[PDB]
file final-v5.cif (mmCIF, C-alpha atoms and all ligand atoms)
data_work
loop_
_atom_site.label_atom_id
_atom_site.label_comp_id
_atom_site.auth_asym_id
_atom_site.auth_seq_id
_atom_site.Cartn_x
_atom_site.Cartn_y
_atom_site.Cartn_z
CA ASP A 45 99.26 46.50 -65.90
CA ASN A 46 98.73 42.85 -66.82
CA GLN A 47 100.91 42.61 -69.95
CA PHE A 48 102.85 45.66 -68.63
CA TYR A 49 105.39 46.23 -65.83
CA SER A 50 107.28 49.36 -64.65
CA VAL A 51 111.07 49.93 -64.34
CA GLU A 52 113.18 53.03 -63.64
CA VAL A 53 115.76 53.46 -66.41
CA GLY A 54 118.20 56.40 -66.37
CA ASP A 55 116.00 58.67 -64.17
CA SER A 56 112.88 57.81 -66.27
CA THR A 57 109.86 55.51 -65.60
CA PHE A 58 109.46 52.89 -68.33
CA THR A 59 106.07 51.18 -68.32
CA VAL A 60 106.72 48.51 -71.02
CA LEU A 61 105.32 45.09 -72.17
CA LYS A 62 106.54 42.04 -70.15
CA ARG A 63 108.25 40.78 -73.41
CA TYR A 64 110.96 43.52 -73.04
CA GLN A 65 113.44 42.57 -70.30
CA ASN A 66 116.99 43.50 -68.99
CA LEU A 67 116.37 47.20 -69.86
CA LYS A 68 119.64 49.21 -69.86
CA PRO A 69 120.05 53.00 -70.42
CA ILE A 70 121.71 54.16 -73.67
CA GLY A 71 120.39 57.70 -74.44
CA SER A 72 118.48 60.93 -73.60
CA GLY A 73 118.12 64.52 -74.90
CA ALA A 74 117.38 67.06 -76.28
CA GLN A 75 113.86 65.37 -76.40
CA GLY A 76 113.42 61.60 -75.87
CA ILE A 77 114.61 58.92 -73.47
CA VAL A 78 116.08 55.75 -75.05
CA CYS A 79 117.18 52.43 -73.50
CA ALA A 80 118.32 48.95 -74.69
CA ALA A 81 116.26 45.79 -73.97
CA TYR A 82 115.94 42.11 -74.83
CA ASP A 83 112.75 41.07 -76.68
CA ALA A 84 111.77 37.61 -75.34
CA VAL A 85 109.07 37.04 -78.08
CA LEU A 86 111.57 37.77 -80.97
CA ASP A 87 114.79 36.52 -79.10
CA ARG A 88 116.62 39.72 -80.20
CA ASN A 89 117.96 42.96 -78.67
CA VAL A 90 115.95 46.13 -79.34
CA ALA A 91 116.06 49.89 -78.58
CA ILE A 92 112.98 51.39 -76.82
CA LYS A 93 112.37 55.14 -77.07
CA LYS A 94 109.88 56.81 -74.71
CA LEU A 95 108.82 60.10 -76.26
CA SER A 96 109.62 63.16 -74.10
CA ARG A 97 106.45 65.30 -73.50
CA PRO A 98 104.78 64.61 -76.95
CA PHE A 99 101.76 66.88 -76.09
CA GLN A 100 103.66 69.78 -74.42
CA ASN A 101 103.05 71.84 -77.60
CA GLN A 102 102.10 71.51 -81.34
CA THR A 103 105.75 71.33 -82.47
CA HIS A 104 106.34 68.21 -80.23
CA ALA A 105 103.05 66.62 -81.43
CA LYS A 106 103.66 67.42 -85.14
CA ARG A 107 107.27 66.00 -84.84
CA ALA A 108 105.96 62.87 -82.95
CA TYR A 109 103.16 62.18 -85.52
CA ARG A 110 105.62 62.76 -88.44
CA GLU A 111 108.28 60.39 -86.94
CA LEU A 112 105.72 57.62 -86.09
CA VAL A 113 104.13 57.76 -89.60
CA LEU A 114 107.49 57.92 -91.46
CA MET A 115 109.19 55.15 -89.40
CA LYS A 116 106.16 52.92 -90.26
CA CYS A 117 105.85 53.79 -94.03
CA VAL A 118 109.63 53.83 -94.84
CA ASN A 119 111.30 50.39 -95.32
CA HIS A 120 115.01 50.98 -96.25
CA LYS A 121 118.15 49.28 -94.78
CA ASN A 122 119.78 52.68 -94.14
CA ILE A 123 116.75 54.19 -92.25
CA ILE A 124 115.78 52.94 -88.74
CA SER A 125 112.59 50.76 -88.88
CA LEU A 126 109.75 50.54 -86.32
CA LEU A 127 109.60 46.95 -84.93
CA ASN A 128 106.76 47.79 -82.49
CA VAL A 129 104.74 50.73 -80.94
CA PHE A 130 102.56 50.71 -77.77
CA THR A 131 100.99 52.79 -74.95
CA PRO A 132 100.40 51.46 -71.38
CA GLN A 133 97.20 53.61 -71.15
CA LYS A 134 93.88 51.87 -72.02
CA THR A 135 91.87 54.84 -73.51
CA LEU A 136 92.25 58.11 -75.51
CA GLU A 137 91.39 60.05 -72.30
CA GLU A 138 94.12 58.31 -70.21
CA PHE A 139 96.61 58.28 -73.20
CA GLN A 140 99.86 60.16 -72.45
CA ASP A 141 102.93 58.02 -73.45
CA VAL A 142 104.30 56.53 -76.69
CA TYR A 143 107.00 53.81 -76.84
CA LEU A 144 108.77 53.18 -80.17
CA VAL A 145 110.58 49.82 -80.44
CA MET A 146 113.37 49.64 -83.06
CA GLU A 147 116.44 47.45 -83.90
CA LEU A 148 119.36 47.93 -81.50
CA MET A 149 122.50 49.40 -83.10
CA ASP A 150 125.94 49.16 -81.48
CA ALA A 151 127.04 52.85 -81.48
CA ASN A 152 126.11 56.42 -82.53
CA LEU A 153 128.06 58.16 -85.37
CA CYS A 154 129.29 60.67 -82.68
CA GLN A 155 131.66 58.05 -81.38
CA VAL A 156 132.45 56.13 -84.58
CA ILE A 157 133.37 59.55 -86.20
CA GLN A 158 136.25 59.73 -83.58
CA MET A 159 137.80 56.42 -84.86
CA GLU A 160 141.00 56.30 -86.92
CA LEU A 161 139.61 56.14 -90.46
CA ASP A 162 140.33 53.57 -93.18
CA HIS A 163 139.09 54.39 -96.64
CA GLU A 164 137.08 51.13 -96.77
CA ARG A 165 135.00 51.89 -93.66
CA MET A 166 134.76 55.65 -94.39
CA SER A 167 133.54 55.26 -98.02
CA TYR A 168 131.07 52.55 -96.88
CA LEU A 169 129.56 54.80 -94.14
CA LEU A 170 129.19 57.73 -96.61
CA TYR A 171 127.74 55.31 -99.28
CA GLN A 172 125.02 54.20 -96.79
CA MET A 173 124.34 57.86 -95.81
CA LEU A 174 123.93 58.84 -99.49
CA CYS A 175 121.65 55.72 -99.99
CA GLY A 176 119.34 56.66 -97.11
CA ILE A 177 119.27 60.32 -98.05
CA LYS A 178 118.49 59.33 -101.72
CA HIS A 179 115.57 57.17 -100.50
CA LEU A 180 114.16 60.06 -98.35
CA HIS A 181 114.48 62.57 -101.23
CA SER A 182 112.59 60.19 -103.62
CA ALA A 183 109.56 60.47 -101.21
CA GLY A 184 109.93 64.29 -100.96
CA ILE A 185 111.62 64.23 -97.53
CA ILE A 186 114.47 66.82 -97.39
CA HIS A 187 116.02 66.32 -93.93
CA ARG A 188 117.78 69.78 -93.53
CA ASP A 189 119.29 68.76 -90.12
CA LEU A 190 121.47 65.72 -90.70
CA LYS A 191 124.08 65.33 -87.92
CA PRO A 192 126.25 62.53 -86.39
CA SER A 193 123.90 62.18 -83.32
CA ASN A 194 120.98 61.43 -85.77
CA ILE A 195 122.90 58.37 -87.13
CA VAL A 196 123.61 54.92 -85.60
CA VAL A 197 125.97 52.12 -86.72
CA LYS A 198 126.41 48.35 -86.17
CA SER A 199 129.65 46.32 -85.48
CA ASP A 200 129.61 45.17 -89.20
CA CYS A 201 129.78 48.94 -90.23
CA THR A 202 126.05 48.99 -91.37
CA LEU A 203 124.55 52.50 -90.89
CA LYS A 204 121.00 53.81 -90.25
CA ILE A 205 119.55 57.40 -90.11
CA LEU A 206 117.34 57.82 -86.93
CA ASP A 207 115.54 61.13 -87.78
CA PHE A 208 113.62 62.73 -90.75
CA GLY A 209 114.37 66.38 -89.86
CA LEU A 210 111.96 69.05 -91.09
CA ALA A 211 110.80 66.32 -93.62
CA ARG A 212 107.78 67.55 -95.69
CA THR A 213 107.82 71.32 -94.61
CA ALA A 214 108.64 74.35 -96.97
CA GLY A 215 110.76 75.29 -94.95
CA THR A 216 114.42 75.96 -93.74
CA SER A 217 113.44 77.01 -90.11
CA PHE A 218 113.87 75.19 -86.69
CA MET A 219 112.96 76.71 -83.28
CA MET A 220 114.09 74.63 -80.21
CA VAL A 225 120.92 72.82 -80.29
CA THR A 226 123.71 71.58 -82.69
CA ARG A 227 123.75 73.74 -85.83
CA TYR A 228 127.35 72.97 -87.09
CA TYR A 229 126.03 70.76 -89.93
CA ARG A 230 123.28 73.09 -91.30
CA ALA A 231 123.82 74.30 -94.89
CA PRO A 232 124.52 78.06 -95.53
CA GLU A 233 121.24 78.46 -97.53
CA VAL A 234 119.41 77.23 -94.33
CA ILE A 235 121.42 79.54 -91.97
CA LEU A 236 121.01 82.66 -94.23
CA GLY A 237 117.38 81.69 -95.14
CA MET A 238 117.77 81.59 -98.97
CA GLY A 239 115.58 78.57 -99.71
CA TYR A 240 116.87 74.97 -100.14
CA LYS A 241 116.87 72.20 -102.75
CA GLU A 242 117.68 68.46 -102.36
CA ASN A 243 121.53 69.02 -102.22
CA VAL A 244 121.03 70.96 -98.93
CA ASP A 245 121.63 67.53 -97.22
CA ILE A 246 124.94 67.15 -99.20
CA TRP A 247 126.49 70.03 -97.20
CA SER A 248 125.71 68.08 -93.94
CA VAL A 249 127.36 64.90 -95.44
CA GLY A 250 130.40 67.08 -96.36
CA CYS A 251 130.57 68.44 -92.77
CA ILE A 252 130.37 64.83 -91.35
CA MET A 253 133.08 63.55 -93.84
CA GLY A 254 135.41 66.50 -93.06
CA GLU A 255 134.97 65.69 -89.37
CA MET A 256 135.86 61.98 -89.99
CA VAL A 257 139.13 63.19 -91.60
CA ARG A 258 139.97 66.08 -89.16
CA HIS A 259 138.52 64.56 -85.89
CA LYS A 260 137.37 68.11 -85.19
CA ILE A 261 134.03 69.84 -86.00
CA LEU A 262 134.57 71.84 -89.27
CA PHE A 263 132.38 74.84 -88.45
CA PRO A 264 132.06 75.19 -84.63
CA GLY A 265 130.63 78.28 -82.93
CA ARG A 266 128.49 79.71 -80.14
CA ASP A 267 125.96 80.92 -82.80
CA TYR A 268 125.36 81.31 -86.60
CA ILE A 269 127.39 84.59 -86.79
CA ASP A 270 130.43 82.77 -85.31
CA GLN A 271 129.66 79.72 -87.52
CA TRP A 272 129.55 81.78 -90.79
CA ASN A 273 133.01 83.22 -89.94
CA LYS A 274 134.39 79.63 -89.67
CA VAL A 275 132.88 78.91 -93.14
CA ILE A 276 134.35 82.00 -94.92
CA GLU A 277 137.75 81.77 -93.11
CA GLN A 278 138.20 78.21 -94.42
CA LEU A 279 136.30 78.01 -97.77
CA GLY A 280 136.56 81.68 -98.77
CA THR A 281 134.04 84.48 -99.34
CA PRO A 282 131.23 83.38 -101.76
CA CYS A 283 130.97 84.80 -105.33
CA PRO A 284 129.06 88.12 -105.92
CA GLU A 285 126.43 86.01 -107.82
CA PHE A 286 125.67 84.08 -104.56
CA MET A 287 125.63 87.25 -102.43
CA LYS A 288 123.22 88.74 -105.05
CA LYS A 289 120.80 85.78 -104.40
CA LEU A 290 120.65 86.98 -100.71
CA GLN A 291 117.97 89.46 -99.69
CA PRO A 292 119.33 93.05 -98.94
CA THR A 293 119.41 92.92 -95.09
CA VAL A 294 121.49 89.68 -94.54
CA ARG A 295 123.44 90.62 -97.78
CA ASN A 296 124.56 93.85 -96.03
CA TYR A 297 126.22 91.91 -93.14
CA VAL A 298 127.65 89.11 -95.40
CA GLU A 299 129.13 91.67 -97.92
CA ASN A 300 130.55 93.81 -95.04
CA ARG A 301 132.58 90.83 -93.70
CA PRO A 302 136.37 90.91 -94.39
CA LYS A 303 137.10 89.15 -97.75
CA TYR A 304 138.78 85.70 -97.49
CA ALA A 305 140.37 83.71 -100.37
CA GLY A 306 139.90 80.53 -98.33
CA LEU A 307 142.28 77.68 -97.63
CA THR A 308 142.50 75.23 -100.54
CA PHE A 309 141.21 71.66 -99.90
CA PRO A 310 144.87 70.32 -99.88
CA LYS A 311 145.52 72.79 -97.01
CA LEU A 312 142.11 72.11 -95.34
CA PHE A 313 142.61 68.33 -95.55
CA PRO A 314 146.38 67.58 -95.89
CA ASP A 315 147.85 64.11 -96.62
CA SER A 316 148.89 64.03 -92.89
CA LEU A 317 145.24 63.45 -91.92
CA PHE A 318 145.06 60.41 -94.27
CA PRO A 319 146.51 56.81 -94.22
CA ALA A 320 150.07 56.96 -95.69
CA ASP A 321 152.87 55.02 -97.47
CA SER A 322 150.92 52.94 -100.02
CA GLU A 323 150.00 53.62 -103.63
CA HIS A 324 146.33 52.72 -102.84
CA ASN A 325 146.30 55.14 -99.84
CA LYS A 326 147.85 57.92 -102.03
CA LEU A 327 145.11 57.42 -104.67
CA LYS A 328 142.40 57.35 -101.96
CA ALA A 329 143.56 60.52 -100.19
CA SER A 330 143.13 62.60 -103.41
CA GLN A 331 139.75 60.94 -104.23
CA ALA A 332 138.35 61.69 -100.70
CA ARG A 333 139.66 65.32 -100.88
CA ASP A 334 138.05 65.72 -104.37
CA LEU A 335 134.65 64.59 -103.03
CA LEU A 336 135.01 67.03 -100.11
CA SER A 337 135.79 69.88 -102.59
CA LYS A 338 132.45 69.07 -104.36
CA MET A 339 130.26 68.61 -101.15
CA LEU A 340 131.71 71.49 -99.07
CA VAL A 341 130.53 74.26 -101.50
CA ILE A 342 128.69 77.36 -100.13
CA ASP A 343 126.70 78.00 -103.38
CA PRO A 344 124.12 75.15 -103.69
CA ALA A 345 123.99 75.79 -107.51
CA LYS A 346 127.64 74.50 -107.68
CA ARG A 347 127.38 71.76 -104.92
CA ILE A 348 127.28 68.06 -106.03
CA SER A 349 123.94 66.13 -105.96
CA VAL A 350 123.25 62.83 -104.11
CA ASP A 351 123.09 60.93 -107.49
CA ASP A 352 126.42 62.30 -108.72
CA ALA A 353 128.03 61.73 -105.26
CA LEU A 354 126.99 58.02 -105.49
CA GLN A 355 128.67 58.07 -108.93
CA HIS A 356 131.98 59.49 -107.51
CA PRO A 357 135.06 57.13 -107.61
CA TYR A 358 135.41 57.31 -103.77
CA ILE A 359 131.81 56.03 -103.22
CA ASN A 360 130.88 54.19 -106.49
CA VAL A 361 132.97 51.12 -105.37
CA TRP A 362 129.92 50.15 -103.21
CA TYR A 363 127.21 51.00 -105.80
CA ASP A 364 124.45 48.36 -105.90
CA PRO A 365 121.26 49.15 -107.96
CA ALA A 366 119.27 47.01 -105.43
CA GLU A 367 120.26 49.43 -102.56
CA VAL A 368 120.43 52.75 -104.50
CA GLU A 369 117.51 52.41 -107.02
CA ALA A 370 114.99 50.91 -104.47
CA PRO A 371 111.27 52.00 -104.95
CA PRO A 372 110.27 55.22 -103.07
CA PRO A 373 107.73 54.91 -100.18
CA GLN A 374 104.22 56.18 -101.11
CA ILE A 375 102.59 58.53 -98.50
CA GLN A 379 97.04 64.85 -91.42
CA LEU A 380 98.98 64.65 -93.71
CA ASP A 381 102.49 66.24 -93.27
CA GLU A 382 102.12 70.14 -93.47
CA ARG A 383 98.59 70.81 -92.02
CA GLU A 384 98.28 72.33 -88.49
CA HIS A 385 96.07 70.84 -85.70
CA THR A 386 95.29 71.55 -82.00
CA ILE A 387 97.33 69.55 -79.41
CA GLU A 388 94.06 67.55 -78.69
CA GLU A 389 93.74 66.81 -82.46
CA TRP A 390 97.42 65.69 -82.72
CA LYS A 391 96.89 63.44 -79.63
CA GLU A 392 93.97 61.67 -81.43
CA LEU A 393 95.97 61.44 -84.67
CA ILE A 394 98.90 59.99 -82.63
CA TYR A 395 96.61 57.59 -80.62
CA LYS A 396 95.04 56.07 -83.79
CA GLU A 397 98.59 55.50 -85.27
CA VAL A 398 99.72 53.63 -82.07
CA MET A 399 96.43 51.56 -82.05
CA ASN A 400 96.22 50.78 -85.81
CA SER A 401 99.69 49.32 -86.56
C1 LIG B 1 127.29 63.84 -80.93
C2 LIG B 1 126.19 63.45 -79.96
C3 LIG B 1 126.75 63.10 -78.60
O1 LIG B 1 126.77 63.94 -77.71
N1 LIG B 1 127.25 61.84 -78.36
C4 LIG B 1 126.24 60.83 -78.33
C5 LIG B 1 126.64 59.50 -78.17
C6 LIG B 1 125.70 58.47 -78.14
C7 LIG B 1 124.34 58.77 -78.24
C8 LIG B 1 123.31 57.68 -78.20
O2 LIG B 1 122.60 57.52 -77.22
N2 LIG B 1 123.18 56.87 -79.30
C9 LIG B 1 123.45 55.50 -79.06
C10 LIG B 1 124.41 55.08 -78.14
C11 LIG B 1 124.62 53.71 -77.92
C12 LIG B 1 123.90 52.75 -78.64
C13 LIG B 1 122.95 53.16 -79.60
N3 LIG B 1 122.20 52.18 -80.32
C14 LIG B 1 120.91 52.55 -80.78
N4 LIG B 1 120.22 51.69 -81.57
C15 LIG B 1 119.01 51.98 -82.08
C16 LIG B 1 118.41 53.20 -81.78
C17 LIG B 1 119.10 54.08 -80.95
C18 LIG B 1 118.55 55.42 -80.65
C19 LIG B 1 117.28 55.78 -81.12
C20 LIG B 1 116.82 57.07 -80.84
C21 LIG B 1 117.64 57.98 -80.16
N5 LIG B 1 118.85 57.62 -79.73
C22 LIG B 1 119.33 56.38 -79.97
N6 LIG B 1 120.33 53.74 -80.47
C23 LIG B 1 122.78 54.54 -79.81
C24 LIG B 1 123.93 60.10 -78.41
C25 LIG B 1 124.87 61.13 -78.45
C26 LIG B 1 126.90 65.22 -81.47
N7 LIG B 1 127.02 65.38 -82.93
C27 LIG B 1 125.73 65.86 -83.48
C28 LIG B 1 128.11 66.35 -83.19
#
call {"tool": "encode", "arguments": {"input": "final-v5.cif", "output": "C-alpha cells"}}
result
Amino acid sequence: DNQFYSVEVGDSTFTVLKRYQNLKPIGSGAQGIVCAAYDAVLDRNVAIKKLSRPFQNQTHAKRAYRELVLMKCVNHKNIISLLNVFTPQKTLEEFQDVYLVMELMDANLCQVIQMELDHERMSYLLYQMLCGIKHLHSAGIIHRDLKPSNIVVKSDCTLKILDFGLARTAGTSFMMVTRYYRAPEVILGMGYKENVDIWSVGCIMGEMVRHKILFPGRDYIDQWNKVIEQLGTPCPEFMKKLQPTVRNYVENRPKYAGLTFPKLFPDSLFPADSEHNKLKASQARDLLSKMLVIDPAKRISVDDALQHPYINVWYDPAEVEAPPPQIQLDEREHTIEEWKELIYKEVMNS
C-alpha cells in the first residue's frame, strides 16, 4: 500500500489508488459494489466498481472477463467506457479484487423513468438506447437482459448502457432477479434474433408513459398472464413455433383479445392541449404498438425504430452508423483458476 489506501464505503472495504478521493456510496447488488469518487490526476468525478466475488464460480468469472474485455474494446457514447482498471494485490497468487473506473453519471434510469415525461426528453433517451443497442448488435452482442437498472443518465439527458447481458452466448438462458423486461421468446425458450432487445426497449418506453411496470409478477407464469391479458393471445402460427410441452400450457390459457394500444396507453398518460402534443401522443403510441409485439417475426427492428417519426428527429449518421468494434474468447469454458489468469492479464495489460 504505497500508491494505495483503504476506506470503508457502504459496508465494503475499498483499497484504491491515492488519486481517487472523497469516495461516496452510490450502489450495490445483485453483484457488485459501486461508489462515486474524485480523480485528482484527471480533475474529474468518476464511478468505481469493486467486483463482488469474481472467482466464487465460473459464471461470475466468465461475466467479469466478458465485461472487462467489452468495456475496453467498445468505444461508443451510449455505452459506459472504462477510464481505468487496477488491483491492489502485487501478484497472480495474491490477486483477488478488480476495480473498474468509469465516468460518473448523475442518475440511474430507474429514477429518471419515474419523471413526468416530455416528448423531447423521452424520444432522446430512446434514440440513445437504440444507438447503443445498434452498436452492440453490429459486433454480434445481443444483450437479452436490457433493464432500467442497467442504464445511467447525465443532467444533460445523455444516456449510457452499463451492461452487455448474455453478449456472445447462443443462448436465451440466465441462472442467478428482475425479469419484467425479458422478451417472450427468451421466457418460453424459442430462440432469439437481434429484435429480442426491442421488446425490452418497448417495456422501458411503456413504463415511462405509465409510471408502472408493464408486465410485473412473482414469476414467468404470472408474467406471461400480464402479457396475454394486455396484448392478447398470440396467433396460432406463433404457438405452432413453440415446442409441444410449453405449447400445451400456453394454448390451454384462457383466450384474450387484448386491450388496444389506445386503451393500454390513453391520451391521459400524455402531455395535453397542444397540436404538437396531440401529434406526439399518437406517434409514441404507434412506436409502442410496433415494439410491444409478442411474435418477433412481426416486431420492429432497431434500424426501422431509428427510422420511426418519433425517434428519427434525432438521427445523426455520425452516432448511428459508427464503425463496429472488432473482437478466451467469448463462448469457451475455463476453470476458475484459468479465468483468474485471463482476468489478471486483462487488468495488467491495459
Ligand atoms: C430499478 C433499480 C433500482 O432498484 N433502483 C436503482 C437506483 C439507482 C441505482 C444505482 O446505483 N445507479 C446509480 C445511482 C446514482 C448515480 C449513478 N451514477 C453512475 N455513474 C456511472 C456508473 C454507475 C454504475 C456502474 C455500475 C453499477 N451501478 C452504477 N453509476 C448510478 C441502482 C438501482 C429496477 N429496474 C430494473 C426496474
call {"tool": "residues_around", "arguments": {"input": "final-v5.cif", "residues": "residue 49 (chain A)", "least_positions_apart": "6", "cutoff": "10 Å", "atoms": "all atoms listed in the file", "output": "PyMOL selection string"}}
result
chain A and resi 58-65+132
call {"tool": "write_last_selection", "arguments": {"input": "final-v5.cif", "atoms": "C-alpha atoms", "output": "PDB file, keeping the file's coordinate frame"}}
result
ATOM      1  CA  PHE A  58     109.460  52.890 -68.330  1.00  0.00           C
ATOM      2  CA  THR A  59     106.070  51.180 -68.320  1.00  0.00           C
ATOM      3  CA  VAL A  60     106.720  48.510 -71.020  1.00  0.00           C
ATOM      4  CA  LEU A  61     105.320  45.090 -72.170  1.00  0.00           C
ATOM      5  CA  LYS A  62     106.540  42.040 -70.150  1.00  0.00           C
ATOM      6  CA  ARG A  63     108.250  40.780 -73.410  1.00  0.00           C
ATOM      7  CA  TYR A  64     110.960  43.520 -73.040  1.00  0.00           C
ATOM      8  CA  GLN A  65     113.440  42.570 -70.300  1.00  0.00           C
ATOM      9  CA  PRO A 132     100.400  51.460 -71.380  1.00  0.00           C
TER      10      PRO A 132
END
call {"tool": "closest_atom_pairs", "arguments": {"input": "final-v5.cif", "of": "chain A", "to": "ligand LIG 1 (chain B)", "cutoff": "9 Å", "atoms": "only C-alpha atoms and all ligand atoms", "output": "JSON lines"}}
result
{"residue": "A:69", "atom": "CA", "partner": "B:LIG1", "partner_atom": "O2", "distance": 8.6}
{"residue": "A:70", "atom": "CA", "partner": "B:LIG1", "partner_atom": "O2", "distance": 5.0}
{"residue": "A:71", "atom": "CA", "partner": "B:LIG1", "partner_atom": "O2", "distance": 3.6}
{"residue": "A:72", "atom": "CA", "partner": "B:LIG1", "partner_atom": "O2", "distance": 6.5}
{"residue": "A:73", "atom": "CA", "partner": "B:LIG1", "partner_atom": "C24", "distance": 8.1}
{"residue": "A:76", "atom": "CA", "partner": "B:LIG1", "partner_atom": "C21", "distance": 7.0}
{"residue": "A:77", "atom": "CA", "partner": "B:LIG1", "partner_atom": "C21", "distance": 7.4}
{"residue": "A:78", "atom": "CA", "partner": "B:LIG1", "partner_atom": "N5", "distance": 5.8}
{"residue": "A:79", "atom": "CA", "partner": "B:LIG1", "partner_atom": "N6", "distance": 7.8}
{"residue": "A:80", "atom": "CA", "partner": "B:LIG1", "partner_atom": "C14", "distance": 7.5}
{"residue": "A:90", "atom": "CA", "partner": "B:LIG1", "partner_atom": "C15", "distance": 7.1}
{"residue": "A:91", "atom": "CA", "partner": "B:LIG1", "partner_atom": "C15", "distance": 5.0}
{"residue": "A:92", "atom": "CA", "partner": "B:LIG1", "partner_atom": "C19", "distance": 7.5}
{"residue": "A:93", "atom": "CA", "partner": "B:LIG1", "partner_atom": "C20", "distance": 6.1}
{"residue": "A:124", "atom": "CA", "partner": "B:LIG1", "partner_atom": "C16", "distance": 7.4}
{"residue": "A:144", "atom": "CA", "partner": "B:LIG1", "partner_atom": "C19", "distance": 8.9}
{"residue": "A:145", "atom": "CA", "partner": "B:LIG1", "partner_atom": "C16", "distance": 8.6}
{"residue": "A:146", "atom": "CA", "partner": "B:LIG1", "partner_atom": "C15", "distance": 6.2}
{"residue": "A:147", "atom": "CA", "partner": "B:LIG1", "partner_atom": "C15", "distance": 5.5}
{"residue": "A:148", "atom": "CA", "partner": "B:LIG1", "partner_atom": "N4", "distance": 3.9}
{"residue": "A:149", "atom": "CA", "partner": "B:LIG1", "partner_atom": "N4", "distance": 3.6}
{"residue": "A:150", "atom": "CA", "partner": "B:LIG1", "partner_atom": "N3", "distance": 4.9}
{"residue": "A:151", "atom": "CA", "partner": "B:LIG1", "partner_atom": "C12", "distance": 4.2}
{"residue": "A:152", "atom": "CA", "partner": "B:LIG1", "partner_atom": "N2", "distance": 4.4}
{"residue": "A:153", "atom": "CA", "partner": "B:LIG1", "partner_atom": "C1", "distance": 7.3}
{"residue": "A:154", "atom": "CA", "partner": "B:LIG1", "partner_atom": "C1", "distance": 4.1}
{"residue": "A:155", "atom": "CA", "partner": "B:LIG1", "partner_atom": "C5", "distance": 6.1}
{"residue": "A:190", "atom": "CA", "partner": "B:LIG1", "partner_atom": "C27", "distance": 8.4}
{"residue": "A:191", "atom": "CA", "partner": "B:LIG1", "partner_atom": "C27", "distance": 4.8}
{"residue": "A:192", "atom": "CA", "partner": "B:LIG1", "partner_atom": "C27", "distance": 4.5}
{"residue": "A:193", "atom": "CA", "partner": "B:LIG1", "partner_atom": "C27", "distance": 4.1}
{"residue": "A:194", "atom": "CA", "partner": "B:LIG1", "partner_atom": "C27", "distance": 6.9}
{"residue": "A:195", "atom": "CA", "partner": "B:LIG1", "partner_atom": "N2", "distance": 8.0}
{"residue": "A:196", "atom": "CA", "partner": "B:LIG1", "partner_atom": "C23", "distance": 5.9}
{"residue": "A:197", "atom": "CA", "partner": "B:LIG1", "partner_atom": "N3", "distance": 7.4}
{"residue": "A:198", "atom": "CA", "partner": "B:LIG1", "partner_atom": "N3", "distance": 8.2}
{"residue": "A:204", "atom": "CA", "partner": "B:LIG1", "partner_atom": "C15", "distance": 8.6}
{"residue": "A:206", "atom": "CA", "partner": "B:LIG1", "partner_atom": "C20", "distance": 6.2}
{"residue": "A:207", "atom": "CA", "partner": "B:LIG1", "partner_atom": "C20", "distance": 8.1}
{"residue": "A:226", "atom": "CA", "partner": "B:LIG1", "partner_atom": "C27", "distance": 6.1}
{"residue": "A:227", "atom": "CA", "partner": "B:LIG1", "partner_atom": "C27", "distance": 8.5}
{"residue": "A:228", "atom": "CA", "partner": "B:LIG1", "partner_atom": "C28", "distance": 7.7}
{"residue": "A:229", "atom": "CA", "partner": "B:LIG1", "partner_atom": "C27", "distance": 8.1}
{"residue": "A:252", "atom": "CA", "partner": "B:LIG1", "partner_atom": "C28", "distance": 8.6}
{"residue": "A:261", "atom": "CA", "partner": "B:LIG1", "partner_atom": "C28", "distance": 7.4}
call {"tool": "closest_residue", "arguments": {"input": "final-v5.cif", "among": "A:203, A:393, A:345, A:294", "to": "residue 176 (chain A)", "atoms": "all atoms listed in the file"}}
result
A:203
call {"tool": "atom_distance", "arguments": {"input": "final-v5.cif", "atom1": "CA of residue 311 (chain A)", "atom2": "CA of residue 333 (chain A)"}}
result
10.3 Å
call {"tool": "atom_distance", "arguments": {"input": "final-v5.cif", "atom1": "CA of residue 348 (chain A)", "atom2": "CA of residue 247 (chain A)"}}
result
9.1 Å
call {"tool": "residues_around", "arguments": {"input": "final-v5.cif", "residues": "region 357-363 of chain A", "least_positions_apart": "2", "cutoff": "12 Å", "atoms": "only C-alpha atoms", "output": "PyMOL selection string"}}
result
chain A and resi 163-175+253+324-325+327-336+350-355+365-369
call {"tool": "closest_residue", "arguments": {"input": "final-v5.cif", "among": "A:262, A:257, A:113, A:219", "to": "residue 316 (chain A)", "atoms": "only C-alpha atoms"}}
result
A:257
call {"tool": "closest_residue", "arguments": {"input": "final-v5.cif", "among": "A:180, A:320, A:256, A:114", "to": "residue 397 (chain A)", "atoms": "all atoms listed in the file"}}
result
A:114
call {"tool": "closest_residue", "arguments": {"input": "final-v5.cif", "among": "A:225, A:126, A:75, A:120", "to": "residue 100 (chain A)", "atoms": "all atoms listed in the file"}}
result
A:75
call {"tool": "closest_residue", "arguments": {"input": "final-v5.cif", "among": "A:74, A:199, A:305, A:211", "to": "residue 111 (chain A)", "atoms": "all atoms listed in the file"}}
result
A:211
call {"tool": "decode", "arguments": {"input": "final-v5.cif", "residues": "region 312-325 of chain A", "atoms": "C-alpha atoms", "output": "compact mmCIF listing (two decimals), in the first residue's frame"}}
result
# COMPACT_ATOMS: atom_id res chain seq x y z
CA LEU A 312 -53.21 0.48 -22.99
CA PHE A 313 -51.69 3.97 -23.38
CA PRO A 314 -54.54 6.58 -23.36
CA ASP A 315 -54.09 10.30 -24.16
CA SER A 316 -54.46 10.91 -20.35
CA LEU A 317 -50.95 9.50 -19.81
CA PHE A 318 -49.52 12.01 -22.36
CA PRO A 319 -48.88 15.83 -22.38
CA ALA A 320 -52.15 17.56 -23.45
CA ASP A 321 -53.75 20.68 -25.04
CA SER A 322 -51.34 21.44 -27.92
CA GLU A 323 -51.36 20.38 -31.55
CA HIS A 324 -47.69 19.24 -31.22
CA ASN A 325 -48.54 17.16 -28.09
